[PDB]
Each structure stands twice: as structure tokens, then as C-alpha cells.
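Data block below; observations after.
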Amino acid sequence: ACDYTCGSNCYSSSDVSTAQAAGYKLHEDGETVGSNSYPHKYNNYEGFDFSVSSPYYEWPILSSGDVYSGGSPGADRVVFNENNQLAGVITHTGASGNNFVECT
Ligand SMILES: Nc1nc2c(ncn2[C@@H]2O[C@H](COP(=O)(O)O[C@@H]3[C@H](O)[C@@H](CO)O[C@H]3n3cnc4c(=O)[nH]c(N)nc43)[C@@H](O)[C@H]2O)c(=O)[nH]1
Ligand SMILES: [Ca+2]
């Protein structure tokens, strides 16, 4: 079963932890990857239900199981805060335009 389902993409807790760790490291290093400069601030314009405090940062989570290293980020993201606490997993899949919805 999937710990997180983003559209048709299935991720387990371990997939998320590995992605998050990568993202947080670049964050603490003040480094970025990709044309869209990830990890980058996540504003929470959607108003989700995060039980962890802001600020938030988003980082791609890939269905191939690889850690994002640039190129297309796909539709799914891991959202973490300053304390490396997981806020949630979200996706553009099933959301209009560039909005996001939560992974279930
Ligand atoms: N496979 C796939 N990819 C998609 C889809 N929709 C968008 N994409 C891809 O994902 C990427 C777009 O997302 P980004 O995370 O890069 O961009 C952010 C957001 O989409 C953009 C415009 O607002 O600024 C940022 N951004 C920063 N903070 C926020 C926020 O709180 N809410 C939203 N929605 N965006 C925030 C593109 O590279 C595009 O190809 C989709 O349905 N399927
Ligand atoms: Ca996996």
C-alpha cells in the first residue's frame, strides 16, 4: 500500500525521508538545483493543514525513486520546514494550473 498517493504515483515513508534529507541539506548549505531553484520557499497560498510551523520549503520527490538533481521536477513535492520537520506531500496532479492538492 502507499504511504502517500500523488495522482498515480505511490511513495512510501522511506521515499519521502530520502527526498526530504536531500532537500534539507541543500537548504542548510544555501545551495539550489534546477532551473526553478529547488529547494525554494513554499508560501502555502493553498492554505493546507500543516501541523508544523512555517517557513516551508518544497523539493521534488520523483516517481523513479531517484533524488532530484535538476531537469524536470515532475508534479510531486515534499514540503519541510526549518527544523527538518515534514509538513506534507503535495502535487500538482489533479489541481488546476500550477496549484497543488495534497497527496492522500
Ligand atoms: N507532471 C506534471 N507536472 C506539472 C503539472 N502542473 C505543473 N507541473 C510542473 O511542475 C512545475 C511547477 O511548480 P513549481 O513548484 O515549480 O512552482 C511554484 C508554484 O507552482 C508557482 C506559481 O505559484 O510558484 C511556486 N510557489 C511558491 N509558493 C507557492 C505556493 O504556495 N503555491 C503554489 N501553487 N505555488 C507556489 C513545473 O516545472 C511544471 O512542469 C502537472 O499537472 N503534471
Ligand atoms: Ca518507492
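Everything in the sequence shown is counted per the deposited numbering, starting at 1 for the first residue and increasing by one.
Think of the CB as a built atom: it goes at the ideal place given N, C-alpha and C, for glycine as much as any other residue.
Residues near residue i in its chain [Cβ-Cβ closer than 6 angstroms; skip 5 each side]
i: residue 3; result: 12, 13
Own chain, CB closer than 8 angstroms to residue i, minus 5 neighbours either side, in chain order
i: residue 93; result: 6, 7, 8, 9, 75, 76, 101
i: residue 47; result: none
i: residue 40; result: 32, 57, 58
i: residue 20; result: 59, 78, 80, 84, 86
Host beta strand (DSSP E) of residue i (start-end)
i: residue 11; result: 9 to 11
i: residue 6; result: 4 to 6
i: residue 58; result: 56 to 60
i: residue 91; result: 86 to 91
i: residue 79; result: 76 to 81
i: residue 42; result: 40 to 42
Euclidean distance between Cα positions of residue i and residue j
i: residue 83; j: residue 18; result: 16 angstroms
i: residue 70; j: residue 64; result: 14 angstroms
i: residue 52; j: residue 89; result: 13 angstroms
i: residue 104; j: residue 87; result: 13 angstroms
i: residue 54; j: residue 97; result: 24 angstroms
i: residue 28; j: residue 67; result: 17 angstroms
i: residue 30; j: residue 43; result: 18 angstroms
i: residue 99; j: residue 45; result: 9 angstroms
i: residue 16; j: residue 24; result: 12 angstroms
Contacting residues, own chain, Cβ-Cβ under 7 angstroms from residue i (five flanking each side not counted)
i: residue 73; result: 34, 36, 38, 60
* Only counting runs of 3 or more residues, tell me where the beta strand (DSSP E) segments fall wholly within the stretch 14 to 54, in order along the chain. => 40 to 42
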